[PDB]
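Below are the chains, spelled out letter by letter.
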Amino acid sequence: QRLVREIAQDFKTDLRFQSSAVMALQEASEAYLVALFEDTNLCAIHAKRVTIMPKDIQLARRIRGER
Amino acid sequence: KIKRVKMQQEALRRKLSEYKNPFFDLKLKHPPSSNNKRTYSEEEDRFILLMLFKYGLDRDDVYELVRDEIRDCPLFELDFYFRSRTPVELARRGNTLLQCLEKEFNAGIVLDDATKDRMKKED
Amino acid sequence: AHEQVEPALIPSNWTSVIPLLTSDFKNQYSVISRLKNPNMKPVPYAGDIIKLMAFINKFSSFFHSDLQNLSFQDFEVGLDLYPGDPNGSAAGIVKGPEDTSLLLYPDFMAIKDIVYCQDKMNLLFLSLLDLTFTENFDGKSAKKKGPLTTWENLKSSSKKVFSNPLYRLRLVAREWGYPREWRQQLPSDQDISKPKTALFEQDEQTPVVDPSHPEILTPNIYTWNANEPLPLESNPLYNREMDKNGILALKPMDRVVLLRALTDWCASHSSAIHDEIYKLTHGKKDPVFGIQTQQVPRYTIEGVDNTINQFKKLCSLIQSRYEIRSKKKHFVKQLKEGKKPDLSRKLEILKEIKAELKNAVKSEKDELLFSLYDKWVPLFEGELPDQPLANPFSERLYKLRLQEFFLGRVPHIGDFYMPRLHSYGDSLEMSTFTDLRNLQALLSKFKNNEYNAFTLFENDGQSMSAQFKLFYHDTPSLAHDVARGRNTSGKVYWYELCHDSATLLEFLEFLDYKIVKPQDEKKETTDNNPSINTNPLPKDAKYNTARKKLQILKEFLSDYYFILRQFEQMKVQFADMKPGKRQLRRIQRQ
Amino acid sequence: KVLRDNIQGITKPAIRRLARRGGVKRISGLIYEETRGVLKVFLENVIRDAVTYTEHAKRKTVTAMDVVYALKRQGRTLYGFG
C-alpha cells in the first residue's frame, strides 16, 4: 500500500484510496509478475540453464512487445 | 630545551604584554624569514600567536588546541590552508615563529632570562 | 629623463586583475545594522553552506556533474532548513502577508524534486566519505578516473553503503577533533582551556636538596582540561540509521555540522587532494603583490567604471612607456642584435598602433582599449604576465586563495555574497565568473536577450546552477569580536538579501535609498526608517566612496537581473531533460 | 508529509516466493532489482490512468472501478470486483 501511495503521490496530491482498490492493484500485479517469470523460465530452459538471469527477463519483455 | 621554552614563555609574555593591539600593531621584521615559501601571512599568524599565547607557551598541547580554534574561528574557518595543516605541521610554523620572535627578541629574551642572584653578594 | 624613462608599472597599484582585501579595513566600529529591512533574514547556517559550495567548486574533478550545478536552494529544501530564526532554522516558513500555517516545502512544491535533492545530498555525503576514506588506495586506485561515487554507486544493492565508512569515521573522529557544538562543553566554568583541570602540583618544591640549582623545572603542574566530545549516545555519529537511512536521520543543524566536519577532515586527510592543493598553491610562485588569504578581481573590489578609468589612465601611461622603450639608446643598440622577439614584435606593432591611435580621437581614446584588448594581451609579456584587467579564472596561483561568491565590500557595513555556482574547468560555457570585458558583453547579450532559456540550457545550462540567493556579511562586527575577546559561540554575521528576481527588484528599490547621498546631512532617505529600515545613513561625508560602490553594485545587480531571471524561467521551462524539439514545434506549428 | 523508498519493502523472500509459485528453481542475485524496476513501471502506468479516471470523475478517492477499468484497457481484465 505504501508503494502505491508513494507512486500515486506524483500525479495528484492528497489522494484517498479504497482498500479494495489496493487489493485489486495487487492481484493484478502478482498475476502479471507470474506470467513474467514463467516465460522467463521458458527463456532460461531454452537457453540450456536452470538459474534465471535478468537477460532472460528483458528478452522476454522484448518479445511480448512492451518496448 | 625545557628551559628554552621557559624564557620563550617569558619571551612571549613580553610581546603579548608589549604591543598594544598586536593583532594590528605587531612587528617581527627583525627575522622576516630564514629560508621559506612564506605561505602564512603575518596577521594570520598574529592571531595564532595571540591565540597560542593567550594559552601561553604551555609546551604541552597548544598546537592541538589552536587547530581547534582554526577549526572554529569564524574568520579563520575561511582559510582552507589553515585546515590541511594539522597541529603536527602547525608546530613547524608555530615553532618557526616562536624562533622568529625568539630571534627578534634574542637581544630581549635573555634580558630577563638567565640571571639568578643569591643571598650574600650585591648584584 | 634619459628618454622619458619607461614609467615603472608598479605592481602595488597596477596589479593583475587580482587585488586583496586585508580584512582590517573596519578597524573602527561599524556594527550598526542600519541596513536592516523587511527583506533581511537571519540565517545562522549559510556561510557553512558557502564553504561547502566553494570547496566543491575548487574540486570539480573530484565531484559528479550533478553536483556541479547544485545550488543553495537545493540544500535548503533538501536539508530542511528555513530562514528567520537566530537559533538555527525557523521551523517552517509562513506564507503570504499573514500565515497561521507555514509553507512546509513539500506542501509548497513538487515532491519528486525534494526527493531528488535529498538524493543529491546523500550522494555527496557518500562521495565525501569515499574521498576521506577511499585513501587506502590513495588517489589512484583500481577505479582511478572520474568522481569516486556515482548514482548507481549510491543506488547500488549494498543497501548499507554508509556502514563501513561510518565505522571508519567514528574510529578516526575522536582523535581528529570535534566542533564546539559537538564538544562536551564545560559545565564547570573552571576547567577553561586557559587554566587547567585540577592541581596536579600538590606543592611547590621549595626545599631543593640541590641548592646548587635553585631553579625548578616543575613549579606547578596540573591535570589537563582538553575539550571533550559528547557521549557516544549523545554523539549523533552513533545513530545507526545513517548506515541505511543515510544523512537524513538527524536534526538538520546537526546534519550541517557533520557535513562541515566531513569537509574538515577530508581537506585535512584526503591525502590525494591534500597534496594536490599544496602542489597547486605552493608551487614555485608567490602572489604578484604579496601573499594574502582572500583576493577578488579588480572590478569586483572597485567596479567597472573606476577600474576602466584608472586602467585607461594606465593604458595611456604604458603606451607612452612602450614608445619610450623602443627608441631608447641602450634598448635601440641592443635591438639590432635582437634581444627578444617580443621586444621586436611588440615594438613594431606598438609603433603601427601609435600611428593608428594618435589618429584615434580622445573620445575614441577610451574606446580603443576595449576594442584592442584582443591584441593588447600579447603586448603584456615583458610587463606583467597577466593584465591589470585580466581573467582571474585561469590562474593556478590565484586559485586556492580565491573567494568568488563575494560580490561587494562596502564601508561601515561589510560584504555582499552571491553563491551562484562552480566556475572552474567545467561550467565555463556561460560562467558568470570571467573577465570584466566579456562578462559585461554577456550581460549585454542578456539585456537585449539575444540568448534565451532554450539557448541558455543548450549551452550547458543544465550544468548551470539554476537558482540563487543574495547575502550580506558583517565582517566589521565579527572581526571586532575576534580582536576584542570572542563574545560568540553561536552569534550570526550572515543575512539574506534576495532569493529571486522579484525580491531582487525589491532590494534594488531599497538600496537606491542607501545610495542616496546624505542630503539629510544638510537636513531640515525615506519615512518610517527608525522602525523597519534605516534608509538615512548617519549624516556625514563618510559614505561618499561607500555610496559610489553602492551605485556601482546597483548597476551590477541590474545587469545581473536579466540573466538571473532568465535562468529563473529556464528552469521552470526546462527543469526536466525533455525532447524540447517538440516544444519548438509548438511555436513553429503556431 | 512525504513518503519515499518503500520499493525496498518488497523483500527478497517475497520475490523468491513469487518466483517459486512461478515454478522457478534457481535465481540470480541480480534478479530482485530488475523485478522491482519492472514492477515500478507496471504500477506507474496503471496508477497513472487510474488517476486519470479519478480526476475526470471529479472525486478525490481512487475507486476499485477506476483500477479495474485501467488494467482491463491494458489487457489483463481482472474479475471479482464489479
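In the PDB header, cryo-EM is given as the technique by which the entry was determined, and 5.4 Å as its resolution.

Caption draft 1: Just the packing of helix α1 (residues 2-18) of chain B against helix α5 (residues 87-104) of chain B, in detail. All names here are of chain B. For the pair α1 and α5, the least separation of the axes is 10 Å and the interaxial angle reads 70 degrees. Looking at the two axes, α1 sits roughly perpendicular to α5. Contacts between α1 and α5 involve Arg-4, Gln-8, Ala-11, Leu-12 and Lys-15 on the former and, on the latter, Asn-95, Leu-98, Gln-99, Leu-101, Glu-102 and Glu-104. The residue makeup of the contact of α1 with α5, split by class, is four nonpolar, three polar and four charged.

Caption draft 2: Molecular detail of the interface of chain C and chain B. The interface is formed by 44 residues belonging to chain C together with 36 residues belonging to chain B. In total, chain C and chain B occlude about 3,400 Å² of area from one another, counting both sides; carbon and sulfur atoms represent 55% of this. Sorting the residues of chain C by area buried against chain B places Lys-51, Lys-194 and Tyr-278 of chain C first, and these three jointly supply 17% of that buried surface. At the surface where chain C touches chain B, the tally comes to four salt bridges. Across the pair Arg-71 of chain B and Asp-264 of chain C runs a salt bridge, and its minimum N-O distance is 3.4 Å. For the side of chain C that touches chain B, the secondary structure elements donating two or more residues are α6 (163-176), α7 (252-269), α8 (271-281) and α16 (475-484) of chain C. Tallied by class, residues from the side of chain C that touches chain B come to 17 nonpolar, 15 polar and 12 charged.

Caption draft 3: Local environment of the interface of chain A and chain D. Residue-level contacts link 37 residues of chain A with 39 residues of chain D. Note on chain A versus chain D: buried area summed over both sides is about 3,500 Å², and carbon and sulfur give 77% of it. One can count 11 residue pairs in polar contact joining chain A with chain D. Elements supplying a minimum of two residues to the side of chain A that touches chain D: α1 (2-9), β1 (16-17), α2 (19-46), β2 (51-52) and α3 (54-64) of chain A. Sorting elements by how many residues they give to the side of chain A that touches chain D places α2 of chain A first, with 14 residues. Each residue belonging to the side of chain A that touches chain D can be placed in one class, and the counts come to 20 nonpolar, seven polar and 10 charged. Pairing analysis gives two bridges linking β2 of chain A to strand β1 (residues 26-27) of chain D, with the strands arranged parallel. Bridge pairing in β1 of chain D links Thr-51 of chain A to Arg-26 of chain D.

Caption draft 4: Looking closely at the side chain of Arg-36 of chain D. Considering the arrangement of structural elements, one finds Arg-36 of chain D in helix α2 (residues 31-56). Classification of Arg-36 of chain D by relative accessible area gives buried; the value is 9%.

Caption draft 5: Focus on the packing of aromatic side chains. All names here are of chain C. Tallied over the entire structure, the rule returns 29 aromatic pairs over all chains. A centroid spacing of 5.4 Å and a plane angle of 45 degrees characterise the contact between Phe-59 and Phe-62, whose relative ring orientation is tilted. By relative accessible area, which is 8% here, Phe-59 ends up buried. For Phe-62, a relative accessible area of 21% puts it in the partly exposed group. Positioned over the ring face of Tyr-116 is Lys-112, at 5.7 Å from the centre of the ring.

What counts as what
Residues numbered from 1 in each chain as written, not as in the entry; some residues may be left out. Chains lettered and ligands numbered in written order. Part of a larger assembly, values for the part shown. Heavy atoms only, no water. Residues with missing side-chain atoms left out of burial classes, pairs and counts. Axes fitted to C-alpha atoms, helices over the stretch in contact; angles between N-to-C directions. Helix = DSSP H or I, 4+ residues; strand = E, 2+ residues; numbered from the N terminus. Parallel < 35°, antiparallel > 145°, perpendicular 65-115°, else oblique. Contact = heavy atoms within 4.5 Å. Nonpolar A, V, L, I, M, F, W, Y, C, P; charged D, E, K, R; others polar. Buried area = accessible area lost by both parts, 1.4 Å probe. Salt bridge = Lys/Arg side-chain N within 4 Å of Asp/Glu carboxyl O. Polar contact = N/O pair within 3.5 Å; in protein donor to acceptor, adjacent residues only side chain to side chain. Pairing = 2+ DSSP bridges. Buried < 20%, exposed > 50% of the residue type's maximum accessible area, 1.4 Å probe, protein only. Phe/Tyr/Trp six-rings, centres within 6.5 Å; stacked < 30°, edge-to-face > 60°. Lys NZ or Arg CZ within 6 Å of the ring centre and 35° of its normal.

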